[PDB]
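When we count neighbours, we look across all protein chains shown, and the Cβ atoms used for this are built from the backbone with ideal geometry, even at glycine. All of this is worked out from the model, or read from it or from the source named; no laboratory instrument gave them.
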Amino acid sequence: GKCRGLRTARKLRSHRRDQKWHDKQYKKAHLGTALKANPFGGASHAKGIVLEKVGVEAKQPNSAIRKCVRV
Amino acid sequence: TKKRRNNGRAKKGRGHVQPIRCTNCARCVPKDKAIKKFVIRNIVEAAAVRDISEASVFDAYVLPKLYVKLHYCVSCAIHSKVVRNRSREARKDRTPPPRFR
Amino acid sequence: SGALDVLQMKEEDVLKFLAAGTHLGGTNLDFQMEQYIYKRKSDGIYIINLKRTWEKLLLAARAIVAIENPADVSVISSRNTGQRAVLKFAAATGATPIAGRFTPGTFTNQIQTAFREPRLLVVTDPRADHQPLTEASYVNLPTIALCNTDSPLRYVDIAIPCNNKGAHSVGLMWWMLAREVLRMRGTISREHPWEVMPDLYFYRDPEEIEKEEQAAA
Amino acid sequence: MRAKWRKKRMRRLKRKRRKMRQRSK
Amino acid sequence: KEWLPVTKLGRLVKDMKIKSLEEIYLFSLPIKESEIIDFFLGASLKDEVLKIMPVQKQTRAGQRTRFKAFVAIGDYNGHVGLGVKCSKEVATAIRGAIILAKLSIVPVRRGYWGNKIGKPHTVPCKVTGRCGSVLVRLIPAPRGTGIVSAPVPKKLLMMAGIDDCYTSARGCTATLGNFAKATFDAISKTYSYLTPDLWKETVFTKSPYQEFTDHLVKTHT
Amino acid sequence: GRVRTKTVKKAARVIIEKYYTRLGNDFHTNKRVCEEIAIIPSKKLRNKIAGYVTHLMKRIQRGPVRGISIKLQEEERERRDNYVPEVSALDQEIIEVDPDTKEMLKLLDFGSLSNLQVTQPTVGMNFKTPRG
Amino acid sequence: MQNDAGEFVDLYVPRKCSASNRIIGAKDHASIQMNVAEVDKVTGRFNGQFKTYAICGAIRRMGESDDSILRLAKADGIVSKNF
Amino acid sequence: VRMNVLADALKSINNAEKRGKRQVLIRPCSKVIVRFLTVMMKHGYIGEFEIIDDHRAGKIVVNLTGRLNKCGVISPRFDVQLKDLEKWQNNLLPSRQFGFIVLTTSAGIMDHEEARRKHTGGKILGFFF
RNA sequence: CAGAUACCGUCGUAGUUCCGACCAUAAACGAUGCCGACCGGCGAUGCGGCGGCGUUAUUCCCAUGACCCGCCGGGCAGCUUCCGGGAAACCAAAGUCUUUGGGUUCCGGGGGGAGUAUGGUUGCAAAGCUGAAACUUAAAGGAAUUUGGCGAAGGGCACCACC
RNA sequence: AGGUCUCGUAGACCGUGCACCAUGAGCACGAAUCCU
Ligand SMILES: [Zn+2]
């Protein structure tokens, strides 16, 4: 806190609102892009249809090939 | 981090000083930053001075000198062995080197 | 310290202060010692007060005589101008003398052969002997200084305003300090002139030693 | 890469994008 | 396994005329011999280690490791200490750390929460100690609360004997040595905080060096 | 490169601390002395001790050295620092006194002393050296 | 240190500085209890009365302890009041 | 520009106390400072204090004793009641055994104990312990 | 030079200069916002004022310009410090801070994507201002110690180096 | 009238740049306590 006045509250609420907009988790919690880019759309589980099987590899430090599907 | 209390210059309450030209290269340098020197040189060294003194029209004729003032930037002064680097503790010394001879 | 009507200067102490050149100080001044200087005269030399020097002489003598073991007062000089004065002071008072090359482990290194822990410490100057004061800070040791108007006061307890450049004033003040301590101890009377000579404390360069040997017997 | 020449290449691509956008309205 | 003191203080304690070292903290004398505290604090004094961390230094050939061990010492009804020592082998490192801890122990005082009944339980005031980046605050707590802390200042606070503290910390406390040093600095400064319980001028007793310098000069040269 | 080490120099300093009377400038004489007063495992290092104590004899005959303390050359120091002459050089018959010093003595404890004289002060108060 | 009964809960009372009135801690090694001597009033030799003065390490490191000792001696009656 | 007077007054007192001075020179002489040092003087922390009167805001000279830790000012002039004073006492004081909260009220200027006993509230002024 | 539309050298168009009309960007950096109070000094410096021995515009006087010794206020800054702050470099402010609250304005929440696309706006033009998201990553960074390696500098040594 | 003035002689700060000098595949590393 910087401004110290007995009747200074509007400036504090405006600064708190702007600085709360300048966050990452609150941006992910108060925007339509975060709730619309979610593949489940705010769902813990979802059903699906298996199309084919894809074998992807691991990263450089540890070498393996993993088993995946397209749903 | 910051290396010196100043910035290798003497500009404190100015903000701008006029630039000059170097003597070795043609690098443009501010006047207050350049390592300037003023050497008092002679026309002849200690070899030809006797040859001029014996073979002169006038006896005990005083020879003129050569007053030239050189202006060097950082690279031209270091590469021509004018100024040398020091320790961190030994950098804080504005005195000139001693003149024993 | 000067509150009694016996322990002052009678007629001759001011004469010896004026003879030894104790009245003139350095060109520079200390803000700790502005109350120990009378005023400033021409040519940039401070004239120093003599009552204040007398009161610190009383206080230093009291602090020396206050303990009952003479081997727990240590007196230290690093400059050559007071090496013999320390030796004669320790010979007349029983003190512990250190003259030249104060090794930096006497008061704090317990495994050395020269491990000393005294009760009082007197030093000739705070300027050149900035080393024993810091080491005497780590153990509870007081500090008595014969300090000049230019020397800084750090880690000191009694600061006697003195003239520590000439050998004459320093040798006279060690002689008078030894005299006053031996008067408070009671071995030396307070009114009889017990003077062997104050020239037993005076230091001089060896060129004058050879000159005086050839001039005298 | 220093920031100056990458700012320069983004400037040229911005100029080319504006020219193609004006010619492809 | 005899004792041969080299200082005045150790010999004068060996002569059985120092009843407690509380007067040695009263005169603020340096405790230079480690076996004086071992002679005073015996069966009531036990220790436990804190952490042994790796420290490596590069050379032309290989890495020169050196083990640094943090240990604390202190009885559960009073004094507490902390010591750091680094050496090659682990056992001599722990022994030197225990020794350097026994060189520097300090007494602590304990206060009340509201009512003054029985023996004290908590720190008298909000005493703060800071070293490095770690900032440690010790706030008094009501009786029967227990120590609430990170685990190693919690064990330091019960080894100091204080039953109740309300604590807080900030900064990088993951460096356990600096965190323990900050806790030790917080519990060390519980004496250097003036309260109205002690405002009268203390009577000045004679120095033990002054009291027995005749005994010292009659024992040694 | 003939540079001696700490063993020969330290041993030489010890034997010249302990045995000073039975020495001399002859190399063979103090070589036999170094054979007698000290046991030696070798002979080359014995010759090094004998040569260096000969060098120390030449240094002692010239002047004092701050490494050793021989008792024959000792206590002439205390003789030079123990004599008392007839004049202490502070009981002079006249003392030069400044006018500011005169005013400071006026307020000190007295009004006039009969062993002092007043000097004229300087005419210009320029005392500091030119530096810049 | 007292309570409803009367015992002192603090195990000892540390000394305070005679100049700045601060608590002398256990690890303030620059703290000094300087002991000076009191002189007799007729003969002017040592008698046996002791005047203990105290100082803290902070004012000793700042270097203004001698004025404090002088002012304490002037208040006690050691240094003469004309000065 | 000089806006509040109690704040830099107690700031000068705190600076001169922790440096180790014997006397302090407060340049203004407003009545709030006078009432505050009479409260602090009656509590027995600081000694005698003078005041210098002239035709402007005169000076204040305080004889300081070694019984003071910190003189603080809570700014701005916050509102406090009797039902919420214990929260201020909990988070503003190092202990519950000593230390006082000076506050202005309709009964005058006093510490928190006299204001609690006389059953009144007001605005905050500062704290000292 | 293997390659040189590059370092180098000779010419050289716009430009560099002035008037008049425009854009409003810099490592525009003391990388440190403004006002006010308090807490160690020392030696010099620029302005104005105050006091005081002596010298000079040739010998007496007055005040002046030029010196010497000191003070006061403002300003550019310098040196040391266990006051104190910081992670440290360092700072007399970057101090007065868990003992946190003097008043007020702007600004930042891991690293990229990115000052990017779009929307708006000004401009002859170049562009200026405002200013995202999807996605990807567990690091990206600051201070400093210790060997390392320098087409860096200083003292030297070596016929497995040279002369 | 005397006819070599006295005392020791760093008495070398002569220069400014210097040809062309690029590149290195990854697998190959572990952190501890005291007597019977
Ligand atoms: Zn150039």
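Taking the criterion of being within 7 Å of chain C (Cβ to nearest Cβ) and not small (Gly, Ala, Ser), the residues of the range G:40-49 that qualify are G:41, G:45, G:46. Those strands (runs of 3 or more DSSP E) of the range H:20-129 in which at least 2 residues are surrounded by 14 or more Cβ atoms within 10 Å (Cβ to Cβ) and free of Cβ contacts under 8 Å to residues at least 60 places away in the same chain, considering only elements entirely within it, cover H:23-26, H:60-63, H:100-105, H:122-128.
Conditions tested, residue by residue: (1) more than 18 Å from residue H:93 (Cα to Cα); (2) part of a loop (DSSP other than H, G, I, E, B); (3) touching a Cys at 6+ places or on another chain (Cβ under 8 Å).
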| position | (1), (2), (3) |
| --- | --- |
| E:97 | yes, no, no |
| E:102 | yes, no, no |
| E:152 | yes, no, no |
| E:162 | yes, yes, no |
| E:168 | no, no, no |
| E:172 | yes, yes, no |
| E:178 | yes, no, yes |
| E:182 | yes, no, yes |
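Residues are listed down the side, and each one gets a yes or a no for (1) surrounded by 10 or more Cβ atoms within 10 Å (Cβ to Cβ); (2) within 24 Å of the chain's Cα centre (by Cα); (3) touching a residue at least 12 places away in the same chain (Cβ under 8 Å):
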| position | (1), (2), (3) |
| --- | --- |
| A:18 | no, yes, no |
| A:30 | yes, yes, no |
| A:62 | no, no, no |
| A:70 | yes, yes, yes |
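Here the range E:184-199 is the region considered, the condition is being under 11 Å from the mean Cα position of the chain (by Cα) and over 22 Å from residue H:91 (Cα atoms), and the residue that is surrounded by the most Cβ atoms within 10 Å (Cβ to Cβ) is E:184. Checked against the criterion of being assigned by CATH to the domain that holds residue H:2 and closer than 30 Å to residue A:9 by Cα, the candidates H:62, H:32, H:39 yield just one match: H:32.
Per-residue answers, yes or no, for (1) under 26 Å from residue C:43 (Cβ atoms); (2) surrounded by 13 or more Cβ atoms within 10 Å (Cβ to Cβ):
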residue: F:36; (1), (2): no, no
residue: F:52; (1), (2): no, yes
residue: F:80; (1), (2): no, yes
residue: F:84; (1), (2): no, no
residue: F:110; (1), (2): yes, no
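Number of residues in the range C:138-170 that are closer than 20 Å to residue C:38 by Cα, within 14 Å of RNA strand I (Cβ to nearest atom) and surrounded by fewer than 22 Cβ atoms within 10 Å (Cβ to Cβ): the value is 3.
Give the number of residues within the range F:97-132 that are within 12 Å of RNA strand I (Cβ to nearest atom), closer than 30 Å to residue C:12 by Cα and more than 9 Å from chain C (Cβ to nearest Cβ). Full working, then the answer.
Quick first cut of the range F:97-132, residues within 12 Å of RNA strand I (Cβ to nearest atom) only: F:99, F:120-132.
Filter again for closer than 30 Å to residue C:12 by Cα, leaving F:99, F:120-122.
Narrowing further to those that are more than 9 Å from chain C (Cβ to nearest Cβ): F:120.
Summing the residues that are within 12 Å of RNA strand I (Cβ to nearest atom), closer than 30 Å to residue C:12 by Cα and more than 9 Å from chain C (Cβ to nearest Cβ) in the range F:97-132 gives 1.
Inside the range C:150-170, can you point out the residues that are more than 14 Å from chain G (Cβ to nearest Cβ), in a loop (DSSP other than H, G, I, E, B) and in contact with a helix residue (DSSP H, G or I) (Cβ under 7 Å, 6 or more places away or on another chain)?
Narrowing the range C:150-170 to residues more than 14 Å from chain G (Cβ to nearest Cβ): C:150, C:163-170.
Going one step further and asking which of them are in a loop (DSSP other than H, G, I, E, B), we end up with C:150, C:163-166.
C:163, C:164 - these are the residues of the range C:150-170 that are more than 14 Å from chain G (Cβ to nearest Cβ), in a loop (DSSP other than H, G, I, E, B) and in contact with a helix residue (DSSP H, G or I) (Cβ under 7 Å, 6 or more places away or on another chain).
Only a single item in (1) in contact (Cβ under 8 Å) with a residue 24 or more places away in the chain; (2) under 24 Å from residue E:198 (Cβ atoms); (3) away from chain H (no Cβ under 14 Å) is not met by residue G:56, and it is number (3).
Residues in the range B:60-96 that are more than 16 Å from the ligand (Cβ to nearest atom), within 14 Å of the chain's Cα centre (by Cα) and more than 17 Å from residue B:40 (Cα to Cα): B:84 only. A single entry from B:60, B:55, B:10 fulfils the requirement of being more than 11 Å from RNA strand J (Cβ to nearest atom), aliphatic (A, V, I, L, M) and at positive phi: B:60. Just to be sure, is residue B:17 touching a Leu at 6+ places or on another chain (Cβ under 8 Å), among the aliphatic types (A, V, I, L, M), more than 16 Å from the ligand (Cβ to nearest atom) and within 28 Å of residue B:97 (Cβ to Cβ)? It is false that residue B:17 is touching a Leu at 6+ places or on another chain (Cβ under 8 Å), among the aliphatic types (A, V, I, L, M), more than 16 Å from the ligand (Cβ to nearest atom) and within 28 Å of residue B:97 (Cβ to Cβ). Based on what the data block shows, is residue H:14 crowded, with 17+ Cβ neighbours inside 10 Å, on the phi < 0 side of the Ramachandran plot and either touching a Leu at 6+ places or on another chain (Cβ under 6 Å) or not in a strand (DSSP E or B) (or both)? Yes; evaluated as a whole, the condition is true for this residue.
From the list E:98, E:37, E:31, E:105, the lone residue that is more than 14 Å from chain G (Cβ to nearest Cβ), buried (at least 17 other Cβ atoms within 10 Å of the Cβ), within 24 Å of residue E:10 (Cα to Cα) and more than 16 Å from the ligand (Cβ to nearest atom) is E:98.
Test residue G:68 against the criterion of being within 14 Å of chain H (Cβ to nearest Cβ), assigned to a loop (DSSP other than H, G, I, E, B) and farther than 15 Å from residue C:58 by Cβ, and give yes or no. No; evaluated as a whole, the condition is false for this residue.
What residue, of B:20, B:35, is touching a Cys at 6+ places or on another chain (Cβ under 9 Å), more than 14 Å from every other protein chain (Cβ to nearest Cβ) and more than 16 Å from RNA strand J (Cβ to nearest atom)? Write out each step before concluding.
Details: B:35 fails: more than 16 Å from RNA strand J (Cβ to nearest atom).
Going through B:20, B:35 in turn, the sole match is B:20.
Of the strands (runs of 3 or more DSSP E) contained entirely in the range B:14-101, those carrying at least 3 residues that are more than 16 Å from RNA strand I (Cβ to nearest atom) and surrounded by 10 or more Cβ atoms within 10 Å (Cβ to Cβ) fall at B:35-42, B:65-72.
Can you confirm whether residue A:11 is over 30 Å from residue H:7 (Cα atoms) and away from RNA strand J (no atom under 16 Å from the Cβ)?
On the way: over 30 Å from residue H:7 (Cα atoms): no; away from RNA strand J (no atom under 16 Å from the Cβ): yes.
No: the conditions fail for residue A:11.
Residue C:28 falls short on exactly one of the conditions (1) closer than 21 Å to residue C:60 by Cβ; (2) more than 10 Å from every other protein chain (Cβ to nearest Cβ), and that condition is (1).
The single condition among (1) crowded, with 23+ Cβ neighbours inside 10 Å; (2) touching a helix residue (DSSP H, G or I) at 6+ places or on another chain (Cβ under 6 Å); (3) part of a strand (DSSP E or B) that residue C:122 does not satisfy is (2). Within the range C:180-204, the set of residues being within 22 Å of residue C:11 (Cβ to Cβ), in a helix (DSSP H, G or I) and within 14 Å of chain F (Cβ to nearest Cβ) comprises C:198, C:199. Regarding the range E:191-208, can at least one residue be identified that is in a helix (DSSP H, G or I) and free of Cβ contacts under 8 Å to residues at least 60 places away in the same chain? No - not one qualifying residue is present in the range E:191-208. Within the range E:27-61, which residues are under 16 Å from the mean Cα position of the chain (by Cα) and in contact (Cβ under 8 Å) with a residue 40 or more places away in the chain? Matches in the range E:27-61: E:31, E:32, E:34, E:37, E:38, E:47, E:48, E:49, E:50.
Restricting the range C:1-53 to residues that are of a type in the set (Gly, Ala, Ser) and over 30 Å from residue G:42 (Cβ atoms) leaves a set whose member that is surrounded by the fewest Cβ atoms within 10 Å (Cβ to Cβ) is C:44. Scanning the range B:80-101 for residues that are in contact (Cβ under 8 Å) with a residue 40 or more places away in the chain and within 13 Å of RNA strand J (Cβ to nearest atom) yields a total of 3.
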